[PDB]
Amino acid sequence: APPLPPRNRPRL
Amino acid sequence: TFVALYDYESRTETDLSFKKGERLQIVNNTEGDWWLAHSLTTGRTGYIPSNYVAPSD
């Protein structure tokens, strides 16, 4: 399966 | 709508787990590589890796 992307930028 | 190309098992509580072939509505796709999706097959909603799904009919 494809590599999972890094998590999105968390919003503050 | 989109279709899952692979299964995906949630890795945090607010992810959406899904099966290959499931039909998904993309609800938010502006926050990065992870999209908020609503499964039209199971009714659940959560974040998914955008590279595991593709546009459907």
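Residues numbered from 1 in each chain as written, not as in the entry; some residues may be left out. Chains lettered and ligands numbered in written order. Heavy atoms only, no water.

Its PDB record attributes the structure to X-ray crystallography, giving the resolution as 1.172 Å.

Enquirer: Give me the lowdown on the sheet that holds strand β5 (residues 53-55) of chain B, citing residues and values where you can.
Expert: All names here are of chain B. Taken in spatial order, the five strands make up an open sheet running β4-β3-β2-β1-β5, and their pairing is antiparallel. Edge strands, defined here as strands with exactly one partner in the open sheet, are β4 (45-49) and β5. Sheet twist, expressed as the average angle between the axes of neighbouring strands with direction ignored, equals 45 degrees. One ladder, built from five bridges, connects strand β3 (residues 34-39) with β4; its direction is antiparallel. Within β4, the residue paired with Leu-36 across the bridge is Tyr-47. (Pairing = 2+ DSSP bridges. Helix = DSSP H or I, 4+ residues; strand = E, 2+ residues; numbered from the N terminus. Axes fitted to C-alpha atoms, helices over the stretch in contact; angles between N-to-C directions.)

Enquirer: Give a description of the environment of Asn-8 of chain A that names residues and reports values.
Expert: According to the relative accessible area criterion, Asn-8 of chain A is buried, its value standing at 16%. Contact partners of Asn-8 of chain A, with chain neighbours within four places excluded, come to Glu-31, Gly-32, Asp-33 and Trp-34 of chain B. A polar contact of 3.5 Å, which involves the side chain of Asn-8 of chain A, links it to the backbone oxygen of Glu-31 of chain B. A distance of 3.0 Å separates the side chain of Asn-8 of chain A from the backbone nitrogen of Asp-33 of chain B, its partner in a polar contact. (Buried < 20%, exposed > 50% of the residue type's maximum accessible area, 1.4 Å probe, protein only. Contact = heavy atoms within 4.5 Å. Polar contact = N/O pair within 3.5 Å; in protein donor to acceptor, adjacent residues only side chain to side chain.)

Enquirer: Which residues make up the interface of chain B and chain A, and what values do they have?
Expert: With 13 residues of chain B at the contact, the number on the chain A side is 10 residues. Both faces combined, the contact of chain B with chain A buries some 1000 Å², and carbon together with sulfur accounts for 54% of it. When the area that chain B buries against chain A is broken down by residue, the three leading residues are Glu-31, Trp-34 and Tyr-52 of chain B, summing to 52%. Applying the counting criterion to the chain B and chain A interface returns one salt bridge. One can count eight residue pairs in polar contact joining chain B with chain A. (Buried area = accessible area lost by both parts, 1.4 Å probe. Salt bridge = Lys/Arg side-chain N within 4 Å of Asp/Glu carboxyl O.)

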